[PDB]
């Protein structure tokens, strides 16, 4: 059994983001143990949906899932470079778009931008995907799954963002099922990450993202399994 690179908690602040590398969380027991907010300054330390930047139009979005709940089956298909992600309305209470972190409202904006006939993809920021990946030293450890963009080649706008119904204790409510493409980006450099708020100081790490922004045609991370 072989392992990808594993970053200890005290090495996170200047780490690169590497496909399927593991980033260990803290041991203090408290909130600051969150590995994601240590890796990326500007990103909060809690939530399935996180963003950086002030304004309606963010600089970066992070999607985080624990992959533990069968009711909301988030998944990655490594052979297709496809990520299926459920939105932030997981309980009865408010309308699908009425959520504290505004994940669902933002998902709607991002997919509508992606499929818009005018200014297509204009407001879409880079999206980073992390999944919970417990290690011995920490249960808050995560794994980077890649840079992602809304939609998937061959999927219609009807299919890549669906309001699905669920029932909880007899109460019916809606939540988004969103489908993303994982880009062929093996690494996001520390230089890029430190230069999140300024494209001038960025390197070429996200060139496939900027290409997608221009054309709407993604260079997909296609990774067939070994037997």
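Numbering follows the first chain given and starts at 1.
- Looking at 170-178 and 58-66 together, the entry lists the larger mean B-factor for 58-66, computed on C-alpha atoms.
- Checked against the record, the higher mean CA B factor of 184-192 and 47-55 lies with 47-55.
- Residues shown: 88, 112, 98, 119. Highest C-alpha temperature factor in the entry: 119.
- In the deposited entry, the Cα temperature factor of residue 153 places it in the middle third of its chain's modelled residues.
- When the modelled residues of the chain are ordered by C-alpha B-factor, residue 161 sits in the lowest third.
- Annotation for residue 219: CA B-factor lies in the middle third of the chain's modelled residues.
- Among the modelled residues of the chain, residue 145 sits in the lowest third by CA temperature factor in this PDB entry.
- The entry lists a Cα temperature factor for residue 78 that places it in the middle third of the chain's modelled residues.
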